[PDB]
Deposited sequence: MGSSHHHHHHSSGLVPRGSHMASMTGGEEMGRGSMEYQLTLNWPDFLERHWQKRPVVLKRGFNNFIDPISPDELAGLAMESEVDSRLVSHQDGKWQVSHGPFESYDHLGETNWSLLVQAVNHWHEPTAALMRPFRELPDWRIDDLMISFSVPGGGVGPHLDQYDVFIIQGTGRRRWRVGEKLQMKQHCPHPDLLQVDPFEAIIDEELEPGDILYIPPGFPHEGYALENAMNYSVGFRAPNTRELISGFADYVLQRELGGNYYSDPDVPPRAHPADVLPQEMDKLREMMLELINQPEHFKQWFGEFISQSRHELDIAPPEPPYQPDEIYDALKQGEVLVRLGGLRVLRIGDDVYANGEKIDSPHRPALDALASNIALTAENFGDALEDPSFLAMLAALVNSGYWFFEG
């Protein structure tokens, strides 16, 4: 069961992406929910799952953090259950993100799911990330205001029916609540800020013991006061910093290892006993399907491939492209790379880490 978007992509990218919110009426035709509210509540009982219950009664709000060992007496209205990274824990839910691969993988994040009884919601919110809010079963009133959380005048005020999608760029205040029992599936995106880049790269430089070159001044300039630090010296320091940043491969490597990690916990379960390369080879040749873990980020930067922060280095370009793009793999995809024991051993390592697994 896959999903087909009806959206006009060039139009959307030109007119809306990172620009202006919009409601995509019937973005999915005959939308069938990939998960039931019962199953969603089943996920929210688990220790490793990010979930919260938001209620509101006579003005004030109430956030309870999961896991929940009970939903006994909750009420018939004005509450909502939210679960993060459901794609990490539920394959059919992970299927929802496939049609959004018109946008790059490195920018996409995870699938958030909210169930809400009538009047249920999280209240007025403003974010710094893009989001596609997919309406499942039920109906939801959504309001979005101008890019100015205090109350706002809406520029979009719509009731969402199954199949409808609400796209909201960063900065636009929005508020949604349920009219009838509703499921909302938020396909969220992520973008780093400069602070995170500079910190991550600094840590990378420190761990690898890079940038060990010292400031040198054989032409140390004269000054009126010995305590002064002249602008040109400052410029020299700055320039060696910027030059360290602009180094060709260190940057590609750091960012490759950085952007390939997930914000939320993955379902890591190493197979026991571990796979030998021969076993991988045999499984693939016999027709078995190699499946990527849900939420596992795999990105291609230059020649290398990066999966959950670790480098994947192989001369077999097509095989690595296949590994990076296909979440389900067969032997045909790898091609003659399987005859390379090195590559085979790397695949074996990745599988033993629990990043890929056969069938399920």
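Novice: Please list, in sequence order, every stretch of the deposited sequence that lacks C-alpha coordinates.
Specialist: According to the deposited record, C-alpha coordinates are absent for 1-34, 183-195, which together make up the missing parts.
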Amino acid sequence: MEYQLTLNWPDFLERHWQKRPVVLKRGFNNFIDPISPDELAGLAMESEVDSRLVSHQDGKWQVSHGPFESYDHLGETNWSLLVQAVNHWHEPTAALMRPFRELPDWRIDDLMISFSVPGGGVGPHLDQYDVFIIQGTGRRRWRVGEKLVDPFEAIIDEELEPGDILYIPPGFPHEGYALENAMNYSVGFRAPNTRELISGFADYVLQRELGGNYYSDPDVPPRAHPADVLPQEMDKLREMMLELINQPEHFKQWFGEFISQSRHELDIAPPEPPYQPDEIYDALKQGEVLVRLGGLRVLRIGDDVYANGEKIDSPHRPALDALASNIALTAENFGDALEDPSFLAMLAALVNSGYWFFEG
From here on, numbers count along this sequence of modelled residues.
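Novice: Quick check on the record: does 60-68 or 38-46 carry the larger mean Cα temperature factor?
Specialist: Mean C-alpha B-factor is greater for 60-68.
Novice: Select between 258-266 and 193-201 the stretch whose C-alpha atoms have the higher average B-factor in the entry.
Specialist: If you average the C-alpha B-factors of 258-266 and of 193-201, the larger mean comes out for 258-266.
Novice: Determine which member of 30, 333, 308, 314 has the highest CA B-factor, using the values in the deposited entry.
Specialist: Answer, based on the entry's C-alpha B-factors: 30.
Novice: Quiz for you: based on the deposited Cα B-factor, which of 226, 188, 151, 176 is highest?
Specialist: It is 151.
Novice: In terms of the chain's CA B-factor thirds, is residue 184 lowest, middle or highest?
Specialist: It belongs to the lowest third of the chain when residues are ordered by C-alpha B-factor.
Novice: Thinking about Cα B factors across the chain, which third does residue 323 belong to?
Specialist: It falls in the bottom third of the chain.
Novice: Rank-wise, by C-alpha B-factor, drop residue 163 into the lowest, middle or highest third of its chain.
Specialist: Lowest third - that is where residue 163 ends up once the chain's C-alpha B-factors are sorted.
Novice: If you rank the chain by CA B-factor, which third does residue 138 end up in: lowest, middle or highest?
Specialist: Lowest third.
Novice: Comparing against every modelled residue in the chain, figure out the third that the C-alpha B-factor of residue 101 lands in (lowest, middle or highest).
Specialist: Middle third.
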